[PDB]
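What follows is a set of notes on a single structure, which appears directly below.
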Amino acid sequence: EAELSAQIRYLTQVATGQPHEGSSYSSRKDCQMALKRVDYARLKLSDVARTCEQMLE
Amino acid sequence: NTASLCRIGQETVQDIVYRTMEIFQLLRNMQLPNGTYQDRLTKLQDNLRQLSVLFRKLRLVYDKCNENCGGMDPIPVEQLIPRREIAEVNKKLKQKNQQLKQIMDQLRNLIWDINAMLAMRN
C-alpha cells in the first residue's frame with residue numbers, strides 16, 4: 001500500500017495531462033531520404049561498373 | 001620510322017623553343033639573396049642540361065632525315081594537287097570509344113542526379 005501510494009503521489013506531480021505533442025518523425029523522414037540517396041548512388045555505381053567491365057574485355 | 005623522325009624532330013624544335021622560354025622565365029624570377037635560397041640555381045642548372053640533350057638529338061634526327069634513303073624527290077609543286085589492318089584497328093578503336101561514351105553518359109547522369117538532390121536539401 002505504501003509504495004503504490006507513493007507512486008500515485010509522484011504521478012500526480014508529473015501531472016501527465018494531454019499527450020505530448022512531440023514527434024521525431026521529421027529527422028526520421030530526412031534520414032530515410034539520405035539512406036535512399038546513398039542507395040540510389042550505390043545502385044547507379046554498380047551499373048557503371050558493369051558497363052566499364054563490359055567495355056574492358 | 002622515317003616520318004616518325006620528321007614528326008619527332010618537329011616536336012623537338014618546339015621543345016627547344018619552350019625550354020628557352022622557361023629558362024628565361026627562371027632567370028627573370030631570380031633574386032640574388034639578401035635568404036640563401038639556392039634552389040634557384042638547382043633548377044637553372046638541371047634545366048640547362050635538357051637543352052644540351054635536345055640539341056644533339058636534333059643533330060641526330062636531322063642527319064637521319066636528310067639521309068635521303070633512296071629518294072628521287074620531286075619539287076613540292078605537283079604535290080599540292082590542284083592497309084586493311086588500319087581499318088581493323090580503326091574499327092576496334094571506334095567501338096571502344098563508343099563504349100567509353102556510354103560510360104561517360106552514365107556518369108554524367110549520376111552526377112546530375114546526385115547534384116540535384118544534395119543541392120536541393122544539403
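By order in the C-alpha cells, chains are A, B, ...; within a chain, residues start at 1; ligands start at 1, following the order shown.
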
Distance filter 7 Å, only C-alpha atoms, chain B against chain A, as a PDB file with C-alpha atoms, in the first residue's frame:
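In the end it all went to iface.pdb:
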ATOM      1  CA  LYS B  96      35.941   1.095 -77.660  1.00  0.00           C
ATOM      2  CA  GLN B  99      31.569   2.111 -75.054  1.00  0.00           C
ATOM      3  CA  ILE B 103      30.219   5.118 -69.553  1.00  0.00           C
ATOM      4  CA  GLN B 106      26.108   7.146 -67.224  1.00  0.00           C
ATOM      5  CA  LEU B 110      24.668  10.102 -61.887  1.00  0.00           C
TER       6      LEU B 110
END

Excluding same-chain residues fewer than 4 positions from region 41-58 of chain B, what lies within 9 Å of it counting only C-alpha atoms, as a PDB file with N, CA and C atoms, in the first residue's frame?
ATOM      1  N   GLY B   9      61.381  15.214 -84.662  1.00  0.00           N
ATOM      2  CA  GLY B   9      62.247  16.373 -84.717  1.00  0.00           C
ATOM      3  C   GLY B   9      61.460  17.663 -84.676  1.00  0.00           C
ATOM      4  N   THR B  12      60.784  18.328 -81.338  1.00  0.00           N
ATOM      5  CA  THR B  12      61.970  18.700 -80.582  1.00  0.00           C
ATOM      6  C   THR B  12      62.244  20.173 -80.758  1.00  0.00           C
ATOM      7  N   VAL B  13      61.922  20.715 -81.921  1.00  0.00           N
ATOM      8  CA  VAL B  13      62.144  22.147 -82.089  1.00  0.00           C
ATOM      9  C   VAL B  13      61.200  22.930 -81.198  1.00  0.00           C
ATOM     10  N   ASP B  15      60.157  21.858 -78.457  1.00  0.00           N
ATOM     11  CA  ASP B  15      60.696  21.650 -77.122  1.00  0.00           C
ATOM     12  C   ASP B  15      61.861  22.595 -76.871  1.00  0.00           C
ATOM     13  N   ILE B  16      62.685  22.821 -77.892  1.00  0.00           N
ATOM     14  CA  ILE B  16      63.762  23.795 -77.794  1.00  0.00           C
ATOM     15  C   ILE B  16      63.201  25.148 -77.418  1.00  0.00           C
ATOM     16  N   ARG B  19      61.695  25.331 -73.959  1.00  0.00           N
ATOM     17  CA  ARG B  19      62.695  25.270 -72.911  1.00  0.00           C
ATOM     18  C   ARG B  19      63.383  26.610 -72.766  1.00  0.00           C
ATOM     19  N   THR B  20      63.709  27.248 -73.885  1.00  0.00           N
ATOM     20  CA  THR B  20      64.308  28.569 -73.803  1.00  0.00           C
ATOM     21  C   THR B  20      63.372  29.537 -73.113  1.00  0.00           C
ATOM     22  N   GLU B  22      61.158  28.896 -70.796  1.00  0.00           N
ATOM     23  CA  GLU B  22      61.146  28.716 -69.349  1.00  0.00           C
ATOM     24  C   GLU B  22      62.491  29.079 -68.740  1.00  0.00           C
ATOM     25  N   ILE B  23      63.581  28.922 -69.496  1.00  0.00           N
ATOM     26  CA  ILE B  23      64.894  29.291 -68.973  1.00  0.00           C
ATOM     27  C   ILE B  23      64.951  30.780 -68.721  1.00  0.00           C
ATOM     28  N   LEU B  26      62.820  31.447 -65.575  1.00  0.00           N
ATOM     29  CA  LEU B  26      63.552  31.203 -64.346  1.00  0.00           C
ATOM     30  C   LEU B  26      64.560  32.306 -64.097  1.00  0.00           C
ATOM     31  N   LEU B  27      65.252  32.752 -65.139  1.00  0.00           N
ATOM     32  CA  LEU B  27      66.206  33.829 -64.946  1.00  0.00           C
ATOM     33  C   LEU B  27      65.513  35.078 -64.447  1.00  0.00           C
ATOM     34  N   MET B  30      64.819  35.192 -60.718  1.00  0.00           N
ATOM     35  CA  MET B  30      65.988  35.128 -59.846  1.00  0.00           C
ATOM     36  C   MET B  30      66.065  36.332 -58.925  1.00  0.00           C
ATOM     37  N   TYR B  37      68.703  30.920 -50.654  1.00  0.00           N
ATOM     38  CA  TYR B  37      67.682  30.030 -51.192  1.00  0.00           C
ATOM     39  C   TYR B  37      68.308  28.851 -51.925  1.00  0.00           C
ATOM     40  N   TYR B  62      68.112  15.294 -87.647  1.00  0.00           N
ATOM     41  CA  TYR B  62      68.367  15.964 -88.912  1.00  0.00           C
ATOM     42  C   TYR B  62      69.180  15.077 -89.830  1.00  0.00           C
ATOM     43  N   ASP B  63      70.250  14.484 -89.300  1.00  0.00           N
ATOM     44  CA  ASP B  63      71.079  13.619 -90.125  1.00  0.00           C
ATOM     45  C   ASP B  63      70.266  12.454 -90.656  1.00  0.00           C
TER      46      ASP B  63
END

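We find CA of residue 21 (chain B) and CA of residue 40 (chain B) to be spaced 16.1 Å apart.
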
Inset, instruction - Run DSSP on the backbone and grab whatever in chain A lands in helix (DSSP H, G or I); send it over as a VMD selection string. - result: chain A and resid 2 to 14 25 to 55
